[PDB]
Amino acid sequence: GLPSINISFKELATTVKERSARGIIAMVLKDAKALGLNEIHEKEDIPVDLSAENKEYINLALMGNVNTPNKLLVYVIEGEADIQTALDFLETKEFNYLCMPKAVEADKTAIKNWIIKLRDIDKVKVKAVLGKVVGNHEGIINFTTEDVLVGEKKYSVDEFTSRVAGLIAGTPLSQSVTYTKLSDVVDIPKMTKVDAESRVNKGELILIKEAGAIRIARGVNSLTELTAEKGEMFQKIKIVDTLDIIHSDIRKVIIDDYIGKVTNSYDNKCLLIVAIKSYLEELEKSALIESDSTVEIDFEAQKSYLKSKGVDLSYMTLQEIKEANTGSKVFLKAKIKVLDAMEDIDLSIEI
Amino acid sequence: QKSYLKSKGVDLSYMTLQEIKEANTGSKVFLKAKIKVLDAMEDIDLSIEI
Amino acid sequence: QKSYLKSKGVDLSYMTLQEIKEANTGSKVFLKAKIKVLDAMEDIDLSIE
Amino acid sequence: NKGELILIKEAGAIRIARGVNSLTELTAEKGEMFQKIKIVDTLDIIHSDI
Amino acid sequence: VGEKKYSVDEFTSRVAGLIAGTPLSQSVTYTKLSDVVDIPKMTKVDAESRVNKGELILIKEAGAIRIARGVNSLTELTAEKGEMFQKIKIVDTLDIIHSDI
């Protein structure tokens with residue numbers, strides 16, 4: 001081998017571990033022209049296949065309260081079998097928000113059932129917005145406001161649900177959608193504030209005329225019934241959003257790193273603990289959640305595993321129990337602190 | 001070792017445990033195989049809390 | 001240097017990282033450098049108050 | 001914006017518009033600073049000198 | 001060399017004299033040959049192959065005819081021989097030390 005000196009000449013571009021994509025929009029609507037998804041990523045691009053109502057839907061989704069939504073995906077197919085192809089394409093590619101302008105209540109129910117099925121089995125934390133659904137889940141979003149007049153124009157309920165979904169996709173996690181003004185909307189039907197609070201208690205999201213402006217009453221989820229241990233924070237789409245983001249990021253990093261390639265070890269247990277601690281530190285630095293507390297081994301789960309193995313729990317150190325081999329299984333325990341948004345302010349003046 | 005002492009016919013009694021262990025083994029060799037086998041991480045359980 | 005050691009098979013443990021630099025490189029040199037070429041503007045755009 | 005070099009009539013004279021490279025497609029490692037011939041020139045000079 | 005055909009042994013003698021004039025500090029690799037005017041054209045892949053063979057050949061480098069390698073004629077090196085033994089420069093100081101001792 002002759003000695004050939006060589007010098008490297010390449011760029012050093014800062015590398016940041018990119019997390020799960022958020023803010024992407026899954027838009028689907030039936031059309032008879034150029035069947036197939038449109039993947040409209042460039043801003044304000046309307047293919048000639050899409051109709052005038054489709055154009056309006058794209059425009060509504062494109063604008064956001066704070067920022068334009070990061071990615072927009074629009075699907076086109078004939079009106080037949082909309083639910084089947086929508087399910088297939090959503091399983092094909094992940095998303096954050098979804099709305100069907102022409103879904104019948106049966107189609108909406110099927111959408112809700114599929115979404116909750118994924119969120120409960122596939123652990124795919126995704127959200128959808130629907131016009132009139134009394135579903136008892138939080139992933140779905142219900143917006144029961146009709147006769148909406150936006151820009152001196154009557155809009156269908158699904159049109160404004162799409163507009164609000166695009167706005168929320170444009171809403172950063174720092175802000176909350178409560179009390180958000182709507183300049184484009186010109187008028188809403190008159191209704192009593194008592195009924196507005198009643199609908200808020202129902203969890204339905206409605207517009208409100210506040211401070212001489214049409215605004216969003218609440219960011220409450222469509223989840224009408226909350227169990228005792230559910231808590232009030234679970235009623236907020238903002239609070240559950242960061243939980244879903246954290247779940248997706250943890251699942252992604254686990255699939256990337258901790259499956260197959262690596263091996264069980266109490267040392268490897270500690271390394272995984274350190275990695276999760278660093279991730280929680282990143283979340284705290286994001287300031288979206290306070291996250292004071294830390295992670296640890298699930299001691300009770302390890303005890304259950306040892307009992308299932310038939311090993312007598314007596315006559316070894318508790319530290320030995322913690323560091324005892326878990327086989328392929330892994331058990332851990334953590335706890336987090338979630339930060340919230342400002343919605344109620346009370347002060348007392350003293351004379 | 002006891003099996004091979006039985007094969008050689010040497011008594012269990014009156015001979016020390018070490019003496020029985022250190023007795024002649026002839027051409028035969030006897031070993032006890034016990035180890036710890038390590039497993040790869042395939043599934044992880046954790047419970048974050050509010 | 002670490003890659004050259006692994007090619008040689010000498011273990012990286014139980015010596016100081018400085019010894020790696022002091023170690024023979026087999027008639028080879030391994031270096032690193034930082035650069036930044038000045039990039040400047042053709043036409044401008046500023047702000048006023 | 002096509003990566004071409006052209007002449008225009010500007011500032012009461014005929015001058016070029018940009019000093020970018022003929023390379024239309026600059027990769028991630030090349031980028032904007034590699035779009036310019038002025039920078040690749042000095043990189044080549046330093047490489048040759050070293 | 002100098003606009004003149006030379007026998008292989010003539011240039012081996014020239015190179016031997018050059019090496020005798022080469023101090024131990026320097027290495028004969030990549031040494032320019034001003035007197036040589038032209039060498040037959042040949043592929044760099046073949047040059048590296050001959051380097052692997054250990055054969056020493058001229059090379060046209062940086063617009064100049066230069067020595068490709070100072071590798072020894074020893075084609076086959078055992079496992080414990082090592083790469084340094086392939087170099088005439090490295091074995092030269094060992095031979096000098098042996099002779100002095």
# chains A, B, ... in the order shown; residues from 1 in each chain; ligands from 1
$ select_by_dssp --residues "range 6-153 of chain A" --states "strand (DSSP E or B)" --output "list in words"
residues 25, 26, 27, 28, 29, 30, 72, 73, 74, 75, 76, 77, 97, 98, 99, 128, 129, 130, 140, 141, 142, 148, 149 and 150 of chain A
$ residues_around --residues "range 20-28 of chain C" --least-positions-apart "4" --cutoff "10 Å" --atoms "only C-alpha atoms" --output "list in words"
residues 3, 4 and 5 of chain A; 1, 2, 4, 5, 8, 12, 15 and 16 of chain C; 83 and 84 of chain E
$ closest_residue --among "A:332, A:99, A:318, A:2" --to "chain E" --atoms "only C-alpha atoms"
A:2
$ residues_around --residues "residue 3 in chain E" --least-positions-apart "6" --cutoff "10 Å" --atoms "only C-alpha atoms" --output "PyMOL selection string"
chain E and resi 35-38
$ write_last_selection --atoms "N, CA and C atoms" --output "PDB file, in the first residue's frame"
ATOM      1  N   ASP E  35      17.036  14.606 -12.787  1.00  0.00           N
ATOM      2  CA  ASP E  35      17.789  14.124 -13.942  1.00  0.00           C
ATOM      3  C   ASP E  35      16.915  13.286 -14.867  1.00  0.00           C
ATOM      4  N   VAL E  36      16.038  12.459 -14.299  1.00  0.00           N
ATOM      5  CA  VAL E  36      15.163  11.621 -15.107  1.00  0.00           C
ATOM      6  C   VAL E  36      14.198  12.502 -15.886  1.00  0.00           C
ATOM      7  N   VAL E  37      14.078  12.243 -17.184  1.00  0.00           N
ATOM      8  CA  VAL E  37      13.254  13.058 -18.062  1.00  0.00           C
ATOM      9  C   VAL E  37      11.874  12.448 -18.274  1.00  0.00           C
ATOM     10  N   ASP E  38      11.791  11.130 -18.446  1.00  0.00           N
ATOM     11  CA  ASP E  38      10.513  10.494 -18.728  1.00  0.00           C
ATOM     12  C   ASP E  38      10.552   9.036 -18.296  1.00  0.00           C
TER      13      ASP E  38
END
$ select_by_dssp --residues "chain D" --states "alpha helix (DSSP H)" --output "ChimeraX atom specification"
/D:31-35,37-49
$ write_last_selection --atoms "N, CA, C and O atoms" --output "short mmCIF file (atom, residue, chain, number, x, y, z; two decimals), in the first residue's frame"
data_model
loop_
_atom_site.label_atom_id
_atom_site.label_comp_id
_atom_site.auth_asym_id
_atom_site.auth_seq_id
_atom_site.Cartn_x
_atom_site.Cartn_y
_atom_site.Cartn_z
N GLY D 31 -24.35 23.51 0.69
CA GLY D 31 -25.16 24.62 1.16
C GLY D 31 -24.87 25.96 0.52
O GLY D 31 -24.23 26.09 -0.54
N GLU D 32 -25.36 27.00 1.21
CA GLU D 32 -25.33 28.35 0.67
C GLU D 32 -23.91 28.85 0.48
O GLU D 32 -23.58 29.43 -0.57
N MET D 33 -23.04 28.65 1.48
CA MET D 33 -21.67 29.12 1.35
C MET D 33 -20.91 28.39 0.25
O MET D 33 -19.92 28.93 -0.26
N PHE D 34 -21.34 27.19 -0.12
CA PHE D 34 -20.76 26.52 -1.28
C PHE D 34 -21.44 26.91 -2.58
O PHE D 34 -20.90 26.61 -3.65
N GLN D 35 -22.60 27.56 -2.52
CA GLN D 35 -23.17 28.13 -3.74
C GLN D 35 -22.29 29.20 -4.37
O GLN D 35 -22.43 29.47 -5.56
N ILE D 37 -18.81 30.93 -5.72
CA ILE D 37 -17.48 30.60 -6.23
C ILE D 37 -16.40 31.25 -5.37
O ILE D 37 -15.29 30.72 -5.25
N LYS D 38 -16.71 32.40 -4.78
CA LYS D 38 -15.74 33.12 -3.96
C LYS D 38 -15.21 32.26 -2.82
O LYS D 38 -14.04 32.38 -2.44
N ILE D 39 -16.05 31.39 -2.27
CA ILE D 39 -15.66 30.58 -1.12
C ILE D 39 -14.93 29.32 -1.56
O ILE D 39 -13.92 28.94 -0.96
N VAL D 40 -15.42 28.65 -2.60
CA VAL D 40 -14.73 27.47 -3.10
C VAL D 40 -13.34 27.85 -3.61
O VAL D 40 -12.41 27.05 -3.52
N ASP D 41 -13.18 29.08 -4.10
CA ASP D 41 -11.87 29.52 -4.56
C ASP D 41 -10.86 29.53 -3.42
O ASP D 41 -9.77 28.96 -3.54
N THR D 42 -11.22 30.15 -2.29
CA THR D 42 -10.28 30.21 -1.18
C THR D 42 -10.08 28.84 -0.54
O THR D 42 -8.99 28.52 -0.07
N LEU D 43 -11.13 28.01 -0.52
CA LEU D 43 -10.95 26.65 -0.02
C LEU D 43 -9.95 25.89 -0.88
O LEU D 43 -9.06 25.21 -0.35
N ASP D 44 -10.07 26.00 -2.20
CA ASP D 44 -9.12 25.36 -3.10
C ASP D 44 -7.71 25.90 -2.90
O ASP D 44 -6.73 25.14 -2.92
N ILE D 45 -7.59 27.22 -2.71
CA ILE D 45 -6.28 27.83 -2.52
C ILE D 45 -5.62 27.28 -1.26
O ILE D 45 -4.44 26.89 -1.27
N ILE D 46 -6.37 27.23 -0.16
CA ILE D 46 -5.82 26.73 1.09
C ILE D 46 -5.44 25.26 0.97
O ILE D 46 -4.38 24.83 1.44
N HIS D 47 -6.31 24.46 0.33
CA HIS D 47 -6.00 23.06 0.11
C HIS D 47 -4.71 22.89 -0.66
O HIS D 47 -3.83 22.10 -0.27
N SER D 48 -4.57 23.61 -1.78
CA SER D 48 -3.38 23.48 -2.60
C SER D 48 -2.13 23.92 -1.84
O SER D 48 -1.08 23.28 -1.94
N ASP D 49 -2.23 25.02 -1.08
CA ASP D 49 -1.08 25.50 -0.33
C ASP D 49 -0.64 24.49 0.72
O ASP D 49 0.56 24.22 0.88
#
$ interface_residues --of "chain E" --to "chain A" --cutoff "12 Å" --atoms "only C-alpha atoms" --output "NGL selection string"
:E and (29-30 or 44-57 or 59 or 61 or 67-71 or 83 or 86-87)
$ atom_distance --atom1 "CA of residue 137 in chain A" --atom2 "CA of residue 115 in chain A"
9.6 Å
$ residues_around --residues "residue 246 in chain A" --least-positions-apart "5" --cutoff "12 Å" --atoms "only C-alpha atoms" --output "number ranges by chain"
A: 19-22, 124-125, 239-241, 251-253, 276, 279-280, 282-284, 286, 288-289, 336, 338; B: 48
$ write_last_selection --atoms "N, CA, C and O atoms" --output "short mmCIF file (atom, residue, chain, number, x, y, z; two decimals), in the first residue's frame"
data_model
loop_
_atom_site.label_atom_id
_atom_site.label_comp_id
_atom_site.auth_asym_id
_atom_site.auth_seq_id
_atom_site.Cartn_x
_atom_site.Cartn_y
_atom_site.Cartn_z
N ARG A 19 -37.11 14.84 17.24
CA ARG A 19 -38.11 14.02 17.91
C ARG A 19 -39.27 13.74 16.95
O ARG A 19 -39.19 14.00 15.75
N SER A 20 -40.36 13.19 17.48
CA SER A 20 -41.51 12.86 16.66
C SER A 20 -42.11 14.13 16.06
O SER A 20 -42.21 15.16 16.73
N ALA A 21 -42.51 14.04 14.80
CA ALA A 21 -43.08 15.19 14.11
C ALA A 21 -44.43 15.56 14.72
O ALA A 21 -45.26 14.70 15.01
N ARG A 22 -44.63 16.86 14.92
CA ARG A 22 -45.87 17.38 15.48
C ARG A 22 -46.34 18.56 14.64
O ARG A 22 -45.55 19.23 13.98
N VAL A 124 -51.04 4.73 19.41
CA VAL A 124 -50.83 5.83 18.48
C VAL A 124 -51.66 7.00 18.99
O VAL A 124 -52.88 7.04 18.81
N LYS A 125 -50.99 7.97 19.62
CA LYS A 125 -51.66 9.11 20.23
C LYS A 125 -51.91 10.16 19.15
O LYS A 125 -51.04 10.98 18.86
N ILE A 239 -53.12 20.01 27.88
CA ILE A 239 -52.37 19.19 28.83
C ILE A 239 -52.13 17.79 28.27
O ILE A 239 -51.03 17.25 28.37
N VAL A 240 -53.16 17.18 27.68
CA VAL A 240 -52.99 15.84 27.13
C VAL A 240 -52.10 15.86 25.89
O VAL A 240 -51.50 14.84 25.54
N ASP A 241 -51.98 17.02 25.23
CA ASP A 241 -51.16 17.10 24.02
C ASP A 241 -49.69 16.83 24.33
O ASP A 241 -49.04 16.04 23.63
N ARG A 251 -41.70 6.27 22.79
CA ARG A 251 -41.88 5.08 21.96
C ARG A 251 -40.90 5.07 20.80
O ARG A 251 -40.29 4.04 20.49
N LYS A 252 -40.72 6.22 20.14
CA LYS A 252 -39.81 6.30 19.01
C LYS A 252 -38.38 6.00 19.43
O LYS A 252 -37.68 5.22 18.78
N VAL A 253 -37.92 6.61 20.53
CA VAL A 253 -36.54 6.41 20.95
C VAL A 253 -36.33 4.97 21.42
O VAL A 253 -35.26 4.38 21.20
N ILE A 276 -33.54 8.19 30.19
CA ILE A 276 -34.88 8.73 30.45
C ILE A 276 -34.78 10.00 31.29
O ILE A 276 -35.55 10.95 31.09
N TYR A 279 -33.89 12.73 29.01
CA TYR A 279 -35.07 13.13 28.24
C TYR A 279 -36.00 14.01 29.06
O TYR A 279 -36.52 15.02 28.56
N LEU A 280 -36.21 13.66 30.33
CA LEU A 280 -37.04 14.49 31.20
C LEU A 280 -36.39 15.84 31.45
O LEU A 280 -37.09 16.86 31.57
N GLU A 282 -34.58 17.37 29.23
CA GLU A 282 -34.89 18.09 28.00
C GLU A 282 -36.31 18.64 28.04
O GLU A 282 -36.55 19.79 27.64
N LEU A 283 -37.26 17.84 28.53
CA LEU A 283 -38.64 18.32 28.65
C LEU A 283 -38.73 19.51 29.59
O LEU A 283 -39.44 20.48 29.32
N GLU A 284 -38.02 19.44 30.72
CA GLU A 284 -38.00 20.56 31.66
C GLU A 284 -37.41 21.80 31.02
O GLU A 284 -37.92 22.91 31.20
N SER A 286 -37.53 22.51 27.96
CA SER A 286 -38.60 23.00 27.10
C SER A 286 -39.61 23.84 27.87
O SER A 286 -40.37 24.59 27.25
N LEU A 288 -42.34 23.27 28.99
CA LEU A 288 -43.74 22.92 28.82
C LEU A 288 -44.28 22.19 30.04
O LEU A 288 -45.48 22.28 30.34
N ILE A 289 -43.42 21.46 30.75
CA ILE A 289 -43.78 20.80 32.00
C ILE A 289 -42.66 21.05 33.00
O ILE A 289 -41.48 21.11 32.64
N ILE A 336 -44.08 12.47 36.99
CA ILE A 336 -43.80 13.72 36.31
C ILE A 336 -44.71 14.82 36.84
O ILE A 336 -45.77 14.56 37.42
N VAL A 338 -46.63 18.28 35.49
CA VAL A 338 -47.09 18.90 34.25
C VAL A 338 -47.42 20.36 34.52
O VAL A 338 -48.19 20.67 35.44
N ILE B 48 -44.93 6.34 34.53
CA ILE B 48 -44.85 7.74 34.91
C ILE B 48 -46.13 8.09 35.65
O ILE B 48 -47.15 7.41 35.49
#
$ residues_around --residues "residue 39 in chain A" --least-positions-apart "5" --cutoff "12 Å" --atoms "only C-alpha atoms" --output "list in words"
residues 24, 25, 26, 27, 28, 45, 46, 47, 58, 71, 72, 73, 74, 75, 76, 89 and 93 of chain A
$ interface_residues --of "chain C" --to "chain D" --cutoff "12 Å" --atoms "only C-alpha atoms" --output "list in words"
residues 35, 36, 37, 38, 39, 40, 41, 42 and 43 of chain C
$ residues_around --residues "residue 26 in chain E" --least-positions-apart "4" --cutoff "12 Å" --atoms "only C-alpha atoms" --output "ChimeraX atom specification"
/E:18-22,30-31,70,88-90
$ atom_distance --atom1 "CA of residue 233 in chain A" --atom2 "CA of residue 117 in chain A"
22.4 Å
$ residues_around --residues "residue 24 in chain B" --least-positions-apart "2" --cutoff "9 Å" --atoms "only C-alpha atoms" --output "ChimeraX atom specification"
/B:5,8,20-22,26
$ write_last_selection --atoms "C-alpha atoms" --output "CSV table (one decimal), in the first residue's frame"
chain,number,residue,atom,x,y,z
B,5,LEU,CA,-15.6,-43.3,43.6
B,8,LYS,CA,-13.7,-47.4,41.6
B,20,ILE,CA,-13.0,-38.4,48.5
B,21,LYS,CA,-12.8,-35.3,46.3
B,22,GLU,CA,-9.0,-35.6,45.7
B,26,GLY,CA,-8.2,-42.4,36.2
$ interface_residues --of "chain A" --to "chain D" --cutoff "9 Å" --atoms "only C-alpha atoms" --output "list in words"
residues 7, 9, 10, 11, 12 and 13 of chain A
$ write_last_selection --atoms "N, CA, C and O atoms" --output "PDB file, in the first residue's frame"
ATOM      1  N   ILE A   7      -6.712  14.668   3.166  1.00  0.00           N
ATOM      2  CA  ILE A   7      -7.276  15.638   4.091  1.00  0.00           C
ATOM      3  C   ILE A   7      -8.775  15.719   3.851  1.00  0.00           C
ATOM      4  O   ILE A   7      -9.228  15.764   2.702  1.00  0.00           O
ATOM      5  N   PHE A   9     -12.417  17.409   3.799  1.00  0.00           N
ATOM      6  CA  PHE A   9     -13.009  18.723   3.567  1.00  0.00           C
ATOM      7  C   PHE A   9     -14.520  18.561   3.496  1.00  0.00           C
ATOM      8  O   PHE A   9     -15.068  18.311   2.418  1.00  0.00           O
ATOM      9  N   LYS A  10     -15.191  18.709   4.638  1.00  0.00           N
ATOM     10  CA  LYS A  10     -16.637  18.566   4.723  1.00  0.00           C
ATOM     11  C   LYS A  10     -17.173  19.575   5.731  1.00  0.00           C
ATOM     12  O   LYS A  10     -16.421  20.161   6.516  1.00  0.00           O
ATOM     13  N   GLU A  11     -18.488  19.779   5.703  1.00  0.00           N
ATOM     14  CA  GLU A  11     -19.117  20.729   6.609  1.00  0.00           C
ATOM     15  C   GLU A  11     -19.385  20.086   7.961  1.00  0.00           C
ATOM     16  O   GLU A  11     -19.684  18.891   8.045  1.00  0.00           O
ATOM     17  N   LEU A  12     -19.277  20.882   9.021  1.00  0.00           N
ATOM     18  CA  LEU A  12     -19.802  20.505  10.329  1.00  0.00           C
ATOM     19  C   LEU A  12     -21.118  21.243  10.532  1.00  0.00           C
ATOM     20  O   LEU A  12     -21.134  22.431  10.866  1.00  0.00           O
ATOM     21  N   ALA A  13     -22.224  20.537  10.330  1.00  0.00           N
ATOM     22  CA  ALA A  13     -23.558  21.072  10.559  1.00  0.00           C
ATOM     23  C   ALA A  13     -24.052  20.551  11.898  1.00  0.00           C
ATOM     24  O   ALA A  13     -23.967  19.347  12.165  1.00  0.00           O
TER      25      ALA A  13
END
$ interface_residues --of "chain C" --to "chain A" --cutoff "9 Å" --atoms "only C-alpha atoms" --output "JSON, numbers by chain"
{"C": [28, 29, 31, 32]}
$ atom_distance --atom1 "CA of residue 7 in chain C" --atom2 "CA of residue 81 in chain E"
16.6 Å
$ interface_residues --of "chain A" --to "chain B" --cutoff "7 Å" --atoms "only C-alpha atoms" --output "PyMOL selection string"
chain A and resi 258-260+262-264+298+327-337
$ write_last_selection --atoms "N, CA and C atoms" --output "mmCIF file, in the first residue's frame"
data_model
loop_
_atom_site.group_PDB
_atom_site.id
_atom_site.type_symbol
_atom_site.label_atom_id
_atom_site.label_comp_id
_atom_site.auth_asym_id
_atom_site.auth_seq_id
_atom_site.Cartn_x
_atom_site.Cartn_y
_atom_site.Cartn_z
ATOM 1 N N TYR A 258 -33.568 0.676 22.067
ATOM 2 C CA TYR A 258 -33.595 -0.338 23.111
ATOM 3 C C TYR A 258 -34.205 -1.665 22.679
ATOM 4 N N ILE A 259 -34.508 -1.846 21.400
ATOM 5 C CA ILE A 259 -35.054 -3.118 20.939
ATOM 6 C C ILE A 259 -33.972 -3.903 20.206
ATOM 7 N N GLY A 260 -33.794 -5.163 20.598
ATOM 8 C CA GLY A 260 -32.928 -6.068 19.869
ATOM 9 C C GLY A 260 -31.447 -5.774 19.998
ATOM 10 N N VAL A 262 -29.643 -3.902 21.981
ATOM 11 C CA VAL A 262 -29.043 -3.828 23.307
ATOM 12 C C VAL A 262 -29.465 -5.029 24.143
ATOM 13 N N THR A 263 -28.874 -5.163 25.327
ATOM 14 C CA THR A 263 -28.998 -6.360 26.145
ATOM 15 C C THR A 263 -29.338 -5.972 27.577
ATOM 16 N N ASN A 264 -30.114 -6.825 28.250
ATOM 17 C CA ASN A 264 -30.435 -6.587 29.652
ATOM 18 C C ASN A 264 -29.168 -6.575 30.490
ATOM 19 N N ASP A 298 -39.385 -0.246 38.857
ATOM 20 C CA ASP A 298 -40.672 -0.649 39.415
ATOM 21 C C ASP A 298 -40.425 -1.842 40.326
ATOM 22 N N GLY A 327 -34.784 -11.106 33.196
ATOM 23 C CA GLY A 327 -34.926 -11.742 31.904
ATOM 24 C C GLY A 327 -35.075 -10.705 30.808
ATOM 25 N N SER A 328 -35.848 -11.061 29.780
ATOM 26 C CA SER A 328 -36.170 -10.097 28.735
ATOM 27 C C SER A 328 -37.036 -8.959 29.257
ATOM 28 N N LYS A 329 -37.813 -9.204 30.309
ATOM 29 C CA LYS A 329 -38.699 -8.191 30.859
ATOM 30 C C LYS A 329 -37.904 -7.044 31.472
ATOM 31 N N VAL A 330 -38.511 -5.859 31.469
ATOM 32 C CA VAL A 330 -37.947 -4.672 32.097
ATOM 33 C C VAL A 330 -39.064 -3.953 32.839
ATOM 34 N N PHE A 331 -38.801 -3.573 34.089
ATOM 35 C CA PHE A 331 -39.781 -2.885 34.919
ATOM 36 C C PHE A 331 -39.172 -1.606 35.468
ATOM 37 N N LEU A 332 -39.939 -0.520 35.414
ATOM 38 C CA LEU A 332 -39.460 0.795 35.811
ATOM 39 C C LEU A 332 -40.611 1.601 36.394
ATOM 40 N N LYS A 333 -40.264 2.648 37.140
ATOM 41 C CA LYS A 333 -41.245 3.505 37.791
ATOM 42 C C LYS A 333 -40.796 4.954 37.688
ATOM 43 N N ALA A 334 -41.734 5.845 37.382
ATOM 44 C CA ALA A 334 -41.444 7.265 37.266
ATOM 45 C C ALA A 334 -42.637 8.083 37.735
ATOM 46 N N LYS A 335 -42.475 9.403 37.681
ATOM 47 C CA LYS A 335 -43.531 10.342 38.021
ATOM 48 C C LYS A 335 -43.118 11.719 37.528
ATOM 49 N N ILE A 336 -44.083 12.467 36.991
ATOM 50 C CA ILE A 336 -43.801 13.721 36.309
ATOM 51 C C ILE A 336 -44.711 14.818 36.845
ATOM 52 N N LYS A 337 -44.275 16.059 36.643
ATOM 53 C CA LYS A 337 -45.039 17.245 37.004
ATOM 54 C C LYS A 337 -45.345 18.030 35.738
#
